[PDB]
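Trainee: Contents of upload24.json (JSON, C-alpha atoms and all ligand atoms) are given next:
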[["chain", "number", "residue", "atom", "x", "y", "z"],
["A", 1, "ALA", "CA", 12.10, -1.83, -45.38],
["A", 2, "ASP", "CA", 13.09, -4.50, -42.82],
["A", 3, "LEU", "CA", 11.90, -5.35, -39.31],
["A", 4, "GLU", "CA", 14.79, -3.80, -37.38],
["A", 5, "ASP", "CA", 14.50, -0.51, -39.28],
["A", 6, "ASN", "CA", 10.74, -0.43, -38.72],
["A", 7, "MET", "CA", 11.20, -1.00, -34.99],
["A", 8, "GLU", "CA", 13.76, 1.79, -34.87],
["A", 9, "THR", "CA", 11.24, 4.15, -36.48],
["A", 10, "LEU", "CA", 8.60, 3.08, -33.98],
["A", 11, "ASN", "CA", 11.04, 3.72, -31.15],
["A", 12, "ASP", "CA", 12.50, 7.04, -32.31],
["A", 13, "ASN", "CA", 9.13, 8.55, -33.14],
["A", 14, "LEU", "CA", 7.78, 7.46, -29.78],
["A", 15, "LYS", "CA", 10.49, 9.59, -28.19],
["A", 16, "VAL", "CA", 9.85, 12.50, -30.56],
["A", 17, "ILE", "CA", 6.24, 12.41, -29.38],
["A", 18, "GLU", "CA", 7.13, 12.48, -25.66],
["A", 19, "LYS", "CA", 9.27, 15.59, -26.35],
["A", 20, "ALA", "CA", 6.89, 17.24, -28.81],
["A", 21, "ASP", "CA", 6.23, 21.00, -28.75],
["A", 22, "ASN", "CA", 3.30, 21.22, -31.15],
["A", 23, "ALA", "CA", 0.64, 19.02, -32.78],
["A", 24, "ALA", "CA", 2.33, 18.93, -36.20],
["A", 25, "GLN", "CA", 5.40, 17.29, -34.69],
["A", 26, "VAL", "CA", 3.13, 14.65, -33.15],
["A", 27, "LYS", "CA", 1.02, 14.11, -36.26],
["A", 28, "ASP", "CA", 4.22, 13.82, -38.25],
["A", 29, "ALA", "CA", 5.74, 11.23, -35.90],
["A", 30, "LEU", "CA", 2.54, 9.19, -35.68],
["A", 31, "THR", "CA", 2.27, 9.12, -39.48],
["A", 32, "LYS", "CA", 5.82, 7.77, -39.63],
["A", 33, "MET", "CA", 5.00, 5.18, -36.98],
["A", 34, "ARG", "CA", 1.92, 4.15, -38.96],
["A", 35, "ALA", "CA", 3.94, 3.51, -42.11],
["A", 36, "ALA", "CA", 6.37, 1.44, -40.07],
["A", 37, "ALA", "CA", 3.70, -0.64, -38.29],
["A", 38, "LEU", "CA", 2.13, -1.48, -41.64],
["A", 39, "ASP", "CA", 5.51, -2.53, -43.03],
["A", 40, "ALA", "CA", 6.40, -4.65, -40.01],
["A", 41, "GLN", "CA", 2.97, -6.19, -40.28],
["A", 42, "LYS", "CA", 4.20, -7.94, -43.47],
["A", 43, "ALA", "CA", 7.41, -9.35, -41.95],
["A", 44, "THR", "CA", 8.43, -12.66, -40.46],
["A", 45, "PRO", "CA", 10.27, -12.25, -37.18],
["A", 46, "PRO", "CA", 13.35, -14.40, -36.50],
["A", 47, "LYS", "CA", 11.57, -16.12, -33.64],
["A", 48, "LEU", "CA", 8.82, -17.37, -35.99],
["A", 49, "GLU", "CA", 10.78, -18.12, -39.18],
["A", 50, "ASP", "CA", 10.05, -21.85, -39.12],
["A", 51, "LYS", "CA", 6.30, -21.33, -38.63],
["A", 52, "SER", "CA", 3.51, -21.65, -41.20],
["A", 53, "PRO", "CA", 2.24, -18.20, -42.40],
["A", 54, "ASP", "CA", -1.05, -19.79, -41.37],
["A", 55, "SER", "CA", -0.03, -20.48, -37.84],
["A", 56, "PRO", "CA", -1.66, -19.14, -34.68],
["A", 57, "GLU", "CA", 1.68, -17.46, -33.95],
["A", 58, "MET", "CA", 2.02, -15.62, -37.25],
["A", 59, "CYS", "CA", -1.60, -14.49, -37.17],
["A", 60, "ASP", "CA", -1.12, -13.24, -33.60],
["A", 61, "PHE", "CA", 1.97, -11.36, -34.71],
["A", 62, "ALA", "CA", 0.13, -9.55, -37.50],
["A", 63, "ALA", "CA", -2.82, -8.86, -35.18],
["A", 64, "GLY", "CA", -0.53, -6.98, -32.81],
["A", 65, "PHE", "CA", 0.17, -4.49, -35.57],
["A", 66, "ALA", "CA", -3.51, -4.27, -36.41],
["A", 67, "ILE", "CA", -4.06, -3.19, -32.79],
["A", 68, "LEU", "CA", -1.03, -0.89, -32.85],
["A", 69, "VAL", "CA", -2.14, 0.87, -36.05],
["A", 70, "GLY", "CA", -5.64, 1.12, -34.57],
["A", 71, "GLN", "CA", -4.22, 2.93, -31.56],
["A", 72, "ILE", "CA", -1.97, 5.15, -33.66],
["A", 73, "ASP", "CA", -5.14, 6.19, -35.51],
["A", 74, "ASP", "CA", -6.85, 7.10, -32.23],
["A", 75, "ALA", "CA", -3.76, 9.14, -31.41],
["A", 76, "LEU", "CA", -3.83, 10.81, -34.83],
["A", 77, "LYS", "CA", -7.47, 11.78, -34.34],
["A", 78, "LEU", "CA", -6.50, 13.64, -31.17],
["A", 79, "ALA", "CA", -3.49, 15.26, -32.79],
["A", 80, "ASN", "CA", -5.58, 16.49, -35.74],
["A", 81, "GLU", "CA", -7.97, 18.00, -33.19],
["A", 82, "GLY", "CA", -4.87, 19.72, -31.76],
["A", 83, "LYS", "CA", -5.17, 18.00, -28.37],
["A", 84, "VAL", "CA", -1.42, 17.63, -27.82],
["A", 85, "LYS", "CA", -1.41, 16.27, -24.26],
["A", 86, "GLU", "CA", -4.15, 13.74, -24.97],
["A", 87, "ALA", "CA", -2.28, 12.57, -28.07],
["A", 88, "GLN", "CA", 0.85, 12.19, -25.96],
["A", 89, "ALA", "CA", -1.15, 10.21, -23.41],
["A", 90, "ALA", "CA", -2.51, 7.99, -26.21],
["A", 91, "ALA", "CA", 0.98, 7.32, -27.55],
["A", 92, "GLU", "CA", 2.15, 6.24, -24.11],
["A", 93, "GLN", "CA", -0.62, 3.66, -24.18],
["A", 94, "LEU", "CA", 0.96, 2.18, -27.29],
["A", 95, "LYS", "CA", 3.73, 0.79, -25.10],
["A", 96, "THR", "CA", 1.57, -1.99, -23.64],
["A", 97, "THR", "CA", 1.11, -3.32, -27.18],
["A", 98, "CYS", "CA", 4.81, -2.96, -27.94],
["A", 99, "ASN", "CA", 5.54, -4.90, -24.76],
["A", 100, "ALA", "CA", 2.86, -7.54, -25.20],
["A", 101, "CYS", "CA", 4.27, -8.51, -28.62],
["A", 102, "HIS", "CA", 7.89, -8.20, -27.47],
["A", 103, "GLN", "CA", 7.37, -10.74, -24.70],
["A", 104, "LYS", "CA", 6.00, -13.32, -27.15],
["A", 105, "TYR", "CA", 8.12, -12.90, -30.24],
["A", 106, "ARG", "CA", 11.13, -10.65, -29.73],
["A", 201, "LIG", "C1", 5.30, 1.35, -30.63],
["A", 201, "LIG", "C2", 5.58, 0.23, -29.94],
["A", 201, "LIG", "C3", 6.87, -0.55, -30.26],
["A", 201, "LIG", "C4", 8.11, -0.10, -30.06],
["A", 201, "LIG", "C5", 8.46, 1.28, -29.45],
["A", 201, "LIG", "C6", 9.04, -1.11, -30.50],
["A", 201, "LIG", "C7", 10.41, -1.00, -30.50],
["A", 201, "LIG", "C8", 11.31, -2.01, -30.78],
["A", 201, "LIG", "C9", 12.76, -1.93, -30.69],
["A", 201, "LIG", "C10", 13.56, -0.67, -30.32],
["A", 201, "LIG", "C11", 13.27, -3.13, -30.99],
["A", 201, "LIG", "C12", 14.76, -3.51, -31.06],
["A", 201, "LIG", "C13", 15.11, -3.89, -32.50],
["A", 201, "LIG", "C14", 16.56, -3.63, -32.82],
["A", 201, "LIG", "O1", 16.92, -2.47, -33.14],
["A", 201, "LIG", "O2", 17.35, -4.62, -32.89],
["A", 201, "LIG", "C15", 12.16, -4.02, -31.28],
["A", 201, "LIG", "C16", 12.27, -5.34, -31.66],
["A", 201, "LIG", "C17", 11.25, -6.19, -32.00],
["A", 201, "LIG", "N1", 9.88, -5.90, -31.94],
["A", 201, "LIG", "FE1", 9.05, -3.98, -31.54],
["A", 201, "LIG", "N2", 8.31, -2.15, -31.05],
["A", 201, "LIG", "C18", 6.97, -1.86, -30.88],
["A", 201, "LIG", "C19", 5.93, -2.68, -31.24],
["A", 201, "LIG", "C20", 6.04, -4.00, -31.61],
["A", 201, "LIG", "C21", 4.94, -4.90, -31.89],
["A", 201, "LIG", "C22", 3.44, -4.54, -31.78],
["A", 201, "LIG", "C23", 5.45, -6.10, -32.20],
["A", 201, "LIG", "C24", 4.63, -7.38, -32.50],
["A", 201, "LIG", "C25", 3.41, -7.22, -33.04],
["A", 201, "LIG", "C26", 6.89, -6.00, -32.14],
["A", 201, "LIG", "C27", 7.76, -7.01, -32.46],
["A", 201, "LIG", "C28", 9.14, -6.97, -32.41],
["A", 201, "LIG", "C29", 10.03, -8.07, -32.73],
["A", 201, "LIG", "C30", 9.67, -9.46, -33.31],
["A", 201, "LIG", "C31", 11.44, -7.54, -32.49],
["A", 201, "LIG", "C32", 12.76, -8.28, -32.80],
["A", 201, "LIG", "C33", 13.32, -7.82, -34.14],
["A", 201, "LIG", "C34", 14.48, -8.67, -34.60],
["A", 201, "LIG", "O3", 14.83, -9.66, -33.91],
["A", 201, "LIG", "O4", 15.02, -8.40, -35.71],
["A", 201, "LIG", "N3", 7.22, -4.71, -31.77],
["A", 201, "LIG", "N4", 10.98, -3.30, -31.18],
["A", 202, "LIG", "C1", -2.89, -15.23, -39.94],
["A", 202, "LIG", "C2", -3.45, -15.80, -41.21],
["A", 202, "LIG", "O1", -4.37, -16.60, -41.24],
["A", 202, "LIG", "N1", -2.87, -15.32, -42.31],
["A", 202, "LIG", "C3", -3.31, -15.61, -43.60],
["A", 202, "LIG", "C4", -3.86, -16.85, -43.93],
["A", 202, "LIG", "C5", -4.24, -17.11, -45.24],
["A", 202, "LIG", "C6", -4.80, -18.34, -45.57],
["A", 202, "LIG", "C7", -5.17, -18.56, -46.88],
["A", 202, "LIG", "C8", -4.95, -17.57, -47.84],
["A", 202, "LIG", "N2", -4.38, -16.40, -47.51],
["A", 202, "LIG", "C9", -4.03, -16.15, -46.23],
["A", 202, "LIG", "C10", -3.48, -14.92, -45.90],
["A", 202, "LIG", "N3", -3.30, -13.98, -46.87],
["A", 202, "LIG", "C11", -2.77, -12.79, -46.54],
["A", 202, "LIG", "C12", -2.34, -12.50, -45.24],
["A", 202, "LIG", "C13", -2.55, -13.42, -44.24],
["A", 202, "LIG", "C14", -3.16, -14.63, -44.57]]
What is this structure when it is put down as structure tokens?
Mentor:
Amino acid sequence: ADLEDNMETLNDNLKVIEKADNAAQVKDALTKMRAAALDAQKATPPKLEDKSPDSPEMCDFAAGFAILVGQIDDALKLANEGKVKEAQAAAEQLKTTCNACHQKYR
């Protein structure tokens, strides 16, 4: 799918997680987020459309999703262990990465 749709998924499932009642819900939402981060990792954002795929900017962009997915995995680990509150905490930490990239390239 496309960037906007991916970012919607990221955003919706982040809310789902803040409101979550059980670990399956969280798991499920993180899994969806993961699939979206990996998709967005392939995209070229409007801001960077004139830039070489090679460029420091494009690499930085993709790296942000590498970090995001990494963190999502840490959150998934906790959710699989059924630590709901800790997984919710972890997902809140995601936001700094969302923001960091948004400032540069959104
Ligand atoms: C889980 C954390 C994140 C959340 C919750 C989030 C959410 C969003 C949302 C709601 C939008 C508005 C898009 C729209 O509907 O028009 C957006 C846009 C955008 N975000 Fe994220 N995002 C996250 C992580 C990231 C990361 C890590 C990057 C960079 C690596 C990034 C890059 C962008 C860019 C380039 C846009 C502009 C899209 C466009 O102009 O079409 N986001 N994001
Ligand atoms: C940020 C960066 O250096 N990107 C890439 C740079 C590349 C430079 C030569 C050949 N392939 C790539 C490449 N292939 C897949 C995905 C990313 C790259």
Trainee: Let me make sure I understand: among A:1, A:14, A:59, A:78, which one has the smallest atom-to-atom distance to ligand LIG 202 (chain A) if we use all atoms listed in the file?
Mentor: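 The shortest atom-to-atom distance to ligand LIG 202 (chain A) comes from A:59.
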Trainee: So for ligand LIG 202 (chain A), what box centre and size do we get, axis-aligned, 5 Å extra on each of the six sides, every listed atom, Å to one decimal, as AutoDock Vina command-line options?
Mentor:
--center_x -3.8 --center_y -15.5 --center_z -43.9 --size_x 12.8 --size_y 16.1 --size_z 17.9
Trainee: Compute the set of protein, DNA and RNA residues whose minimum atom distance to ligand LIG 201 (chain A) is at most 10 Å, using all atoms listed in the file, and state it as a PyMOL selection string.
Mentor: chain A and resi 2-15+30+33-34+36-37+40-41+43-48+58-69+71-72+91-106
Trainee: Out of A:70, A:52, A:87, A:79, which residue has the shortest atom-to-atom distance to ligand LIG 202 (chain A) when counting all atoms listed in the file?
Mentor: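 Of all the options, A:52 lies closest to ligand LIG 202 (chain A).
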Trainee: Expressed in Å to a single decimal, how great is the separation between atom CA of residue A:80 and atom CA of residue A:19?
Mentor: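 Interatomic distance, atom CA of residue A:80 to atom CA of residue A:19: 17.6 Å.
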Trainee: With distances taken over all atoms listed in the file, which of A:57, A:24, A:31, A:18 is nearest to ligand LIG 202 (chain A)?
Mentor: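 Of the candidates, the smallest distance to ligand LIG 202 (chain A) is held by A:57.
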Trainee: For a quick check of understanding, using only C-alpha atoms and all ligand atoms, which of A:49, A:42, A:83, A:73 has the smallest distance to ligand LIG 202 (chain A)?
Mentor: A:42
Trainee: Between atom CA of residue A:35 and atom CA of residue A:86, measure the distance and give it in Å to one decimal.
Mentor: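 So the two atoms, atom CA of residue A:35 and atom CA of residue A:86, lie 21.5 Å apart.
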Trainee: Mind giving me the straight-line distance from atom CA of residue A:77 to atom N1 of ligand LIG 202 (chain A) in Å, one decimal?
Mentor: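 Separation between atom CA of residue A:77 and atom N1 of ligand LIG 202 (chain A): 28.6 Å.
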Trainee: Go through A:38, A:29, A:23, A:16 one by one, measure the shortest atom-to-atom distance of each to residue A:82 using only C-alpha atoms, and give the residue with the smallest value.
Mentor: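 Closest residue, counting only C-alpha atoms: A:23.
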Trainee: I need the residue nearest ligand LIG 202 (chain A) from this list: A:25, A:88, A:76, A:51. Use all atoms listed in the file for the distance.
Mentor: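 Smallest separation from ligand LIG 202 (chain A) among the options: A:51.
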